$ cat start-v9.csv   # CSV, C-alpha atoms and all ligand atoms
chain,number,residue,atom,x,y,z
A,50,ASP,CA,8.7,4.8,-18.3
A,51,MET,CA,8.7,3.6,-14.6
A,52,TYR,CA,11.5,2.1,-12.5
A,53,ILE,CA,11.8,0.8,-8.9
A,54,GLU,CA,14.6,1.6,-6.2
A,55,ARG,CA,14.9,-0.5,-3.0
A,56,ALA,CA,13.8,1.7,0.1
A,57,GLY,CA,14.3,-0.7,3.1
A,58,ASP,CA,13.6,-4.1,4.7
A,59,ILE,CA,10.0,-5.1,5.8
A,60,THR,CA,10.1,-5.2,9.6
A,61,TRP,CA,8.2,-4.4,12.9
A,62,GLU,CA,10.2,-1.7,14.7
A,63,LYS,CA,9.9,-1.4,18.5
A,64,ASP,CA,9.0,2.2,19.6
A,65,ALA,CA,7.9,3.6,16.3
A,66,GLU,CA,6.3,7.2,16.5
A,67,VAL,CA,2.8,6.1,17.8
A,68,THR,CA,0.0,8.4,16.3
A,69,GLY,CA,-3.5,8.4,14.3
A,70,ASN,CA,-7.1,7.9,15.7
A,71,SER,CA,-9.2,4.7,14.7
A,72,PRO,CA,-12.5,6.0,13.1
A,73,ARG,CA,-15.5,3.7,12.2
A,74,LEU,CA,-16.7,5.0,8.7
A,75,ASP,CA,-19.7,3.7,6.6
A,76,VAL,CA,-18.2,3.5,3.0
A,77,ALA,CA,-19.2,2.4,-0.5
A,78,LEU,CA,-16.8,0.9,-3.1
A,79,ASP,CA,-17.6,1.8,-6.8
A,80,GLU,CA,-16.6,-0.3,-9.9
A,81,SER,CA,-13.6,2.1,-10.6
A,82,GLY,CA,-12.1,1.2,-7.1
A,83,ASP,CA,-13.0,4.6,-5.5
A,84,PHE,CA,-14.2,4.4,-1.8
A,85,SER,CA,-16.9,7.1,-0.8
A,86,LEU,CA,-18.6,8.1,2.5
A,87,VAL,CA,-22.2,6.8,3.0
A,88,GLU,CA,-24.0,8.9,5.7
B,16,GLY,CA,17.1,-6.6,-11.8
B,17,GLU,CA,17.0,-6.3,-7.9
B,18,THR,CA,14.7,-9.1,-6.6
B,19,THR,CA,15.7,-8.9,-2.9
B,20,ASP,CA,12.6,-8.9,-0.5
B,21,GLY,CA,11.8,-5.4,0.8
B,22,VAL,CA,9.9,-2.1,0.1
B,23,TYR,CA,10.7,-0.2,-3.1
B,24,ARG,CA,10.0,3.3,-4.5
B,25,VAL,CA,8.1,3.6,-7.8
B,26,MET,CA,9.7,6.4,-9.9
B,27,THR,CA,9.0,8.1,-13.3
B,28,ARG,CA,11.2,10.4,-15.5
B,29,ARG,CA,8.1,11.3,-17.7
B,30,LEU,CA,7.5,14.5,-15.7
B,31,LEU,CA,10.0,17.1,-14.3
B,32,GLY,CA,13.2,15.4,-12.9
B,33,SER,CA,12.6,12.0,-11.1
B,34,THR,CA,9.1,11.8,-9.5
B,35,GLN,CA,7.9,9.2,-6.9
B,36,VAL,CA,4.5,8.0,-8.3
B,37,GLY,CA,4.4,5.5,-5.2
B,38,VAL,CA,5.8,2.4,-3.5
B,39,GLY,CA,5.5,-1.5,-3.5
B,40,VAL,CA,6.6,-4.8,-1.9
B,41,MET,CA,9.0,-7.3,-3.3
B,42,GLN,CA,8.2,-10.8,-1.8
B,43,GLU,CA,9.1,-14.3,-3.2
B,44,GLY,CA,10.2,-12.7,-6.5
B,45,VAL,CA,6.8,-10.9,-7.0
B,46,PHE,CA,6.4,-7.1,-7.0
B,47,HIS,CA,3.1,-5.9,-5.3
B,48,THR,CA,1.7,-2.3,-5.8
B,49,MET,CA,-1.7,-0.5,-6.1
B,50,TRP,CA,-3.2,-0.4,-9.6
B,51,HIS,CA,-3.5,3.5,-9.5
B,52,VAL,CA,0.4,3.8,-9.1
B,53,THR,CA,1.4,2.0,-12.4
B,54,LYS,CA,-2.0,1.8,-14.2
B,55,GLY,CA,-0.7,-1.7,-15.3
B,56,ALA,CA,2.5,-0.4,-17.1
B,57,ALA,CA,5.7,-2.5,-17.1
B,58,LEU,CA,8.5,-1.5,-14.7
B,59,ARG,CA,12.3,-1.3,-14.9
B,60,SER,CA,14.6,-2.9,-12.3
B,61,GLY,CA,18.2,-2.0,-13.5
B,62,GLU,CA,18.2,-3.3,-17.1
B,63,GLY,CA,15.7,-6.1,-16.0
B,64,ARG,CA,11.9,-5.7,-16.9
B,65,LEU,CA,8.9,-6.5,-14.6
B,66,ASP,CA,5.8,-7.5,-16.6
B,67,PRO,CA,2.3,-7.2,-15.0
B,68,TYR,CA,1.0,-10.7,-14.1
B,69,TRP,CA,-2.3,-10.0,-12.2
B,70,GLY,CA,-4.4,-6.8,-11.6
B,71,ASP,CA,-7.8,-5.6,-10.6
B,72,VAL,CA,-8.9,-1.9,-10.8
B,73,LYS,CA,-11.7,-2.5,-8.3
B,74,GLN,CA,-9.4,-4.0,-5.6
B,75,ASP,CA,-6.9,-1.3,-6.9
B,76,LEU,CA,-4.0,-3.9,-6.7
B,77,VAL,CA,-1.5,-5.3,-9.3
B,78,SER,CA,1.3,-8.0,-9.1
B,79,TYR,CA,4.5,-8.3,-11.3
B,80,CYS,CA,6.4,-11.5,-12.3
B,81,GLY,CA,3.8,-13.9,-10.6
B,82,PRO,CA,0.6,-14.3,-8.6
B,83,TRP,CA,-0.2,-12.1,-5.4
B,84,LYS,CA,1.8,-13.6,-2.5
B,85,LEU,CA,0.8,-11.4,0.5
B,86,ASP,CA,-1.9,-13.3,2.5
B,87,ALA,CA,-1.6,-12.0,6.1
B,88,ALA,CA,-4.7,-10.2,7.6
B,89,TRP,CA,-5.3,-7.6,10.3
B,90,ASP,CA,-6.4,-9.4,13.6
B,91,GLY,CA,-9.1,-6.7,14.2
B,92,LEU,CA,-7.7,-6.0,17.6
B,93,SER,CA,-4.0,-5.1,17.5
B,94,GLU,CA,-2.1,-1.9,16.4
B,95,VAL,CA,-0.1,-2.0,13.1
B,96,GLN,CA,2.8,-0.2,11.5
B,97,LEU,CA,2.6,1.9,8.2
B,98,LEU,CA,6.1,1.4,6.8
B,99,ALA,CA,5.6,4.9,5.1
B,100,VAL,CA,8.1,5.5,2.2
B,101,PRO,CA,7.4,9.3,1.3
B,102,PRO,CA,8.8,11.0,-1.8
B,103,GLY,CA,12.5,12.1,-1.2
B,104,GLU,CA,12.3,11.0,2.6
B,105,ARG,CA,13.8,8.0,4.4
B,106,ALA,CA,11.4,5.0,5.0
B,107,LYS,CA,9.7,5.4,8.5
B,108,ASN,CA,7.6,2.9,10.7
B,109,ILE,CA,4.4,4.7,12.1
B,110,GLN,CA,2.4,2.7,14.7
B,111,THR,CA,-1.4,3.1,14.7
B,112,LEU,CA,-4.6,1.1,15.7
B,113,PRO,CA,-6.7,0.6,12.5
B,114,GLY,CA,-10.2,2.1,12.2
B,115,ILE,CA,-12.9,0.1,10.2
B,116,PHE,CA,-14.5,0.8,6.7
B,117,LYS,CA,-18.1,-0.6,7.1
B,118,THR,CA,-19.3,-1.7,3.5
B,119,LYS,CA,-22.3,-3.8,2.3
B,120,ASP,CA,-19.8,-6.7,1.6
B,121,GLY,CA,-18.3,-6.3,5.1
B,122,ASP,CA,-15.7,-4.7,7.4
B,123,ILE,CA,-12.2,-3.6,6.1
B,124,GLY,CA,-9.4,-2.5,8.5
B,125,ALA,CA,-8.5,1.2,7.9
B,126,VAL,CA,-5.6,3.5,8.8
B,127,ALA,CA,-5.9,7.3,9.6
B,128,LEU,CA,-2.4,8.6,8.5
B,129,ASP,CA,-1.9,11.2,5.8
B,130,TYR,CA,1.1,11.1,3.5
B,131,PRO,CA,1.6,12.5,-0.1
B,132,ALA,CA,-0.1,10.6,-3.0
B,133,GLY,CA,3.5,9.3,-3.9
B,134,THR,CA,3.3,7.3,-0.6
B,135,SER,CA,0.7,5.0,-2.4
B,136,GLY,CA,1.5,1.2,-1.9
B,137,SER,CA,3.4,1.7,1.5
B,138,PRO,CA,3.1,-1.7,3.3
B,139,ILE,CA,0.9,-1.9,6.6
B,140,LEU,CA,2.3,-4.9,8.8
B,141,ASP,CA,1.6,-7.1,11.9
B,142,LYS,CA,3.8,-7.7,15.1
B,143,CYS,CA,5.7,-10.5,13.2
B,144,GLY,CA,6.5,-8.1,10.2
B,145,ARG,CA,3.9,-9.8,7.9
B,146,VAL,CA,2.4,-7.5,5.2
B,147,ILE,CA,-1.3,-7.4,6.0
B,148,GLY,CA,-2.0,-5.1,3.0
B,149,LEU,CA,-1.2,-1.6,1.4
B,150,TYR,CA,-1.7,2.1,2.1
B,151,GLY,CA,-3.1,4.6,-0.5
B,152,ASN,CA,-6.8,3.8,-1.5
B,153,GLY,CA,-9.3,5.4,1.0
B,154,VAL,CA,-11.5,8.5,1.7
B,155,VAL,CA,-11.2,12.3,2.6
B,156,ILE,CA,-13.2,12.8,5.9
B,157,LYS,CA,-15.4,15.7,7.2
B,158,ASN,CA,-12.1,17.2,8.5
B,159,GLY,CA,-10.3,17.1,5.1
B,160,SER,CA,-7.7,14.5,6.4
B,161,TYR,CA,-7.0,11.2,4.7
B,162,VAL,CA,-8.3,7.7,5.9
B,163,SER,CA,-6.7,4.8,4.0
B,164,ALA,CA,-8.1,1.1,3.7
B,165,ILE,CA,-5.8,-2.0,4.6
B,166,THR,CA,-6.0,-3.1,0.8
B,167,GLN,CA,-5.0,-6.9,0.9
B,168,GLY,CA,-5.2,-9.3,-2.1
B,169,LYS,CA,-5.8,-13.1,-2.3
B,170,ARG,CA,-3.1,-15.8,-2.4
B,171,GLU,CA,-4.2,-18.9,-4.5
C,201,LIG,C1,-8.8,4.2,-6.9
C,201,LIG,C2,-7.9,5.3,-6.7
C,201,LIG,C3,-7.3,6.2,-7.5
C,201,LIG,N1,-6.4,7.0,-6.8
C,201,LIG,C4,-5.6,8.1,-7.1
C,201,LIG,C5,-4.9,8.7,-6.2
C,201,LIG,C6,-5.0,8.3,-4.8
C,201,LIG,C7,-4.2,9.0,-3.8
C,201,LIG,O1,-3.0,9.3,-4.0
C,201,LIG,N2,-4.8,9.3,-2.6
C,201,LIG,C8,-4.3,10.1,-1.6
C,201,LIG,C9,-4.7,11.4,-1.4
C,201,LIG,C10,-4.2,12.1,-0.3
C,201,LIG,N3,-3.4,11.6,0.6
C,201,LIG,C11,-3.0,10.3,0.4
C,201,LIG,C12,-3.5,9.5,-0.6
C,201,LIG,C13,-3.0,8.1,-0.7
C,201,LIG,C14,-5.8,7.3,-4.5
C,201,LIG,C15,-6.6,6.6,-5.5
C,201,LIG,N4,-7.4,5.6,-5.4

$ encode --input "start-v9.csv" --output "structure tokens"
Amino acid sequence: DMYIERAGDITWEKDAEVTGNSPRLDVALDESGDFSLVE
Amino acid sequence: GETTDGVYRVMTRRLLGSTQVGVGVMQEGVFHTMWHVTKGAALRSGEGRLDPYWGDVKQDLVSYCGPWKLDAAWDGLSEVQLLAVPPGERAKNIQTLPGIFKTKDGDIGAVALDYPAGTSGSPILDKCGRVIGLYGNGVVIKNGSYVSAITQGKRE
């Protein structure tokens, strides 16, 4: 049995840790909602 | 139950101790999460119950108490913030520039940040704090790292 607990407000926060690259990927979406890499 | 706008953890006691199965967004009295977090099960908020209202396994989204309310979209140009809520750790903003998932039915914004599975449903946002969609349904890349889609629903 599942329950929810508040974790924070939803807000843009100036000078967040800035990280992660921005890759362009060819993908397929199956009927079960699973993304997969096309090549 | 608690129906204050914000980001919430999604917990179960069905396994060892209390386990975070993921996260979701409370907005206009509707709870928004990914379908793979709850699998369409009802949720507890205090002694209040949240019933599923709308869901779609292919979009991997579900809404509680009402229709999907989150209609903001990535602008295709600007950086965004993952409001990551990881299991047993304090909510944290992480700023990134989305990648792109190229599909036959068109281009989806994507985020290259790896967090545990129990981070699934963490809200991606724009510079005005609007939820442009959720973290947690994506791909493992040639590296072995995780790339997540900006999964957004439709507002009617
Ligand atoms: C359609 C469907 C079923 N799913 C089940 C699990 C996950 C998942 O937790 N994936 C990750 C793996 C590694 N790092 C982060 C994440 C978010 C995603 C998913 N999508």

$ residues_near_ligand --input "start-v9.csv" --ligand "ligand LIG 201 (chain C)" --cutoff "12 Å" --atoms "only C-alpha atoms and all ligand atoms" --output "ChimeraX atom specification"
/A:78-85 /B:35-38,49-54,71-76,99-101,126-137,149-156,159-166

$ closest_residue --input "start-v9.csv" --among "B:144, B:123, B:167, B:82" --to "residue 43 of chain B" --atoms "only C-alpha atoms"
B:82

$ residues_around --input "start-v9.csv" --residues "residue 73 of chain A" --least-positions-apart "4" --cutoff "7 Å" --atoms "all atoms listed in the file" --output "VMD selection string"
chain B and resid 114 to 116

$ write_last_selection --input "start-v9.csv" --atoms "C-alpha atoms" --output "mmCIF file, in the frame of the given file"
data_model
loop_
_atom_site.group_PDB
_atom_site.id
_atom_site.type_symbol
_atom_site.label_atom_id
_atom_site.label_comp_id
_atom_site.auth_asym_id
_atom_site.auth_seq_id
_atom_site.Cartn_x
_atom_site.Cartn_y
_atom_site.Cartn_z
ATOM 1 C CA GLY B 114 -10.200 2.100 12.200
ATOM 2 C CA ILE B 115 -12.900 0.100 10.200
ATOM 3 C CA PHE B 116 -14.500 0.800 6.700
#

$ residues_around --input "start-v9.csv" --residues "residue 58 of chain A" --least-positions-apart "6" --cutoff "9 Å" --atoms "only C-alpha atoms" --output "PyMOL selection string"
chain B and resi 20-22

$ atom_distance --input "start-v9.csv" --atom1 "atom CA of residue 24 of chain B" --atom2 "atom CA of residue 70 of chain A"
26.9 Å

$ atom_distance --input "start-v9.csv" --atom1 "atom CA of residue 32 of chain B" --atom2 "atom CA of residue 67 of chain B"
25.2 Å

$ atom_distance --input "start-v9.csv" --atom1 "atom CA of residue 78 of chain B" --atom2 "atom CA of residue 17 of chain B"
15.8 Å

$ closest_residue --input "start-v9.csv" --among "B:142, B:28, B:59, B:117" --to "residue 94 of chain B" --atoms "all atoms listed in the file"
B:142

$ closest_residue --input "start-v9.csv" --among "A:51, A:65, A:59, A:74" --to "residue 87 of chain A" --atoms "only C-alpha atoms"
A:74

$ closest_residue --input "start-v9.csv" --among "B:25, B:92, B:45, B:58" --to "residue 50 of chain A" --atoms "only C-alpha atoms"
B:58

$ closest_residue --input "start-v9.csv" --among "B:65, B:80, B:30, B:87" --to "residue 53 of chain A" --atoms "all atoms listed in the file"
B:65

$ residues_around --input "start-v9.csv" --residues "residue 66 of chain A" --least-positions-apart "3" --cutoff "9 Å" --atoms "all atoms listed in the file" --output "PDB file with C-alpha atoms, in the frame of the given file"
ATOM      1  CA  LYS B 107       9.700   5.400   8.500  1.00  0.00           C
ATOM      2  CA  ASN B 108       7.600   2.900  10.700  1.00  0.00           C
ATOM      3  CA  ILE B 109       4.400   4.700  12.100  1.00  0.00           C
ATOM      4  CA  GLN B 110       2.400   2.700  14.700  1.00  0.00           C
ATOM      5  CA  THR B 111      -1.400   3.100  14.700  1.00  0.00           C
TER       6      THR B 111
END
